Each structure stands twice: as C-alpha cells, then as structure tokens.
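Visitor: A single structure is presented below for examination.
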Number of protein chains: 2
Amino acid sequence: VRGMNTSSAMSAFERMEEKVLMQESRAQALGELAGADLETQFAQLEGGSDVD
Amino acid sequence: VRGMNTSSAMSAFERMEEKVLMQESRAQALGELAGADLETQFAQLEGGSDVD
C-alpha cells in the first residue's frame with residue numbers, strides 16, 4: 001500500500017509508462033515532422049481542385 | 001521464584017515481549033504512515049458525496 005521497493009502494481013506501472021509515453025510521443029512527433037512538408041499542404045489544395 | 005538467570009517463565013516472558021512489542025508497534029505506526037495521505041481523507045468526503 002505504501003509502495004515498498006518492488007510493489008508489483010506500482011513497479012509495473014512505472015515500467016509500462018516508460019514505454020507507453022516514449023513510443024506514443026515519438027509517433028505523434030515524427031508523424032508531425034513527416035506531415036510538415038509544404039507540398040503535402042498543396043496536395044490538400046490539389047484535392048480541392050480535383051474534386052471541383 | 002527470585003528469578004535466577006534462565007528461570008523458564010521469566011526468561012520466556014522477556015523473549016516474547018521483545019517480538020510482541022516490536023511487531024505490534026511497527027504495524028500500528030506503519031499503518032498510520034500509510035493512512036497519513038490527504039487524498040485518503042478526501043476519499044472519506046468522496047464517500048459522503050457518493051452516499052448522499
């Protein structure tokens with residue numbers, strides 16, 4: 001309850017959150033870097049021209 | 001009766017009281033440290049809100 005050194009629930013939460021946060025943030029951040037390209041924003045305008 | 005060095009009753013009482021006092025006090029004291037958290041006192045208010 002007080003959280004001795006290897007209290008299985010608390011220790012597991014720590015180890016999972018290390019993976020969980022790093023992976024998810026990497027994917028969002030690298031996804032925004034891959035999506036940063038100006039020509040891709042031009043592809044949204046192109047999709048507008050194409051549908052019209 | 002006068003309590004010679006290893007008088008079995010008196011010597012046993014000493015050895016038991018060493019365990020008995022230490023263990024029980026540890027459990028009460030560590031239990032008060034585990035119960036010290038303010039959010040647990042908020043859980044009493046939460047139980048009041050929940051029942052009402």
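Ordering of the structure tokens sets the chain letters (A, B, ...), residue numbers begin anew at 1 in every chain, and ligands are numbered from 1 in the order given.
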Residues of chain A within 10 Å of chain B, using only C-alpha atoms, as number ranges by chain?
Guide: A: 1-3
Visitor: Can you pull out every residue from chain B that DSSP, working from the backbone, puts in alpha helix (DSSP H), and format the result as a PyMOL selection string?
Guide: chain B and resi 8-34+38-51
Visitor: Filtering to C-alpha atoms, could you give me those residues as a compact mmCIF listing (two decimals), in the first residue's frame?
Guide:
# COMPACT_ATOMS: atom_id res chain seq x y z
CA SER B 8 11.99 -20.58 32.32
CA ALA B 9 8.84 -18.47 32.81
CA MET B 10 10.62 -15.13 33.36
CA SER B 11 13.16 -15.71 30.55
CA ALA B 12 10.35 -16.70 28.15
CA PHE B 13 8.31 -13.58 29.01
CA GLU B 14 11.33 -11.39 28.14
CA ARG B 15 11.91 -13.09 24.76
CA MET B 16 8.24 -12.96 23.76
CA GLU B 17 7.76 -9.32 24.81
CA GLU B 18 10.73 -8.38 22.54
CA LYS B 19 8.82 -9.72 19.48
CA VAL B 20 5.33 -8.75 20.70
CA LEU B 21 6.01 -5.12 21.32
CA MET B 22 8.16 -4.54 18.21
CA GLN B 23 5.82 -6.19 15.73
CA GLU B 24 2.61 -4.68 17.07
CA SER B 25 4.03 -1.17 17.28
CA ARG B 26 5.53 -1.39 13.77
CA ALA B 27 2.15 -2.37 12.34
CA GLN B 28 0.30 0.45 14.14
CA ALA B 29 2.96 3.05 13.23
CA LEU B 30 3.43 2.00 9.58
CA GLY B 31 -0.40 1.74 9.35
CA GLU B 32 -0.67 5.40 10.48
CA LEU B 33 2.03 6.38 7.90
CA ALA B 34 0.07 4.51 5.13
CA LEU B 38 -4.55 13.65 2.45
CA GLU B 39 -6.26 12.18 -0.68
CA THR B 40 -7.45 9.24 1.56
CA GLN B 41 -9.14 11.84 3.84
CA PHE B 42 -10.67 13.31 0.64
CA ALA B 43 -11.86 9.67 -0.05
CA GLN B 44 -13.94 9.96 3.19
CA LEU B 45 -15.55 13.18 1.78
CA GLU B 46 -15.98 11.41 -1.60
CA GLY B 47 -17.77 8.53 0.22
CA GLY B 48 -20.04 11.18 1.82
CA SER B 49 -20.81 12.75 -1.62
CA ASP B 50 -21.29 9.30 -3.12
CA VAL B 51 -23.75 8.11 -0.41
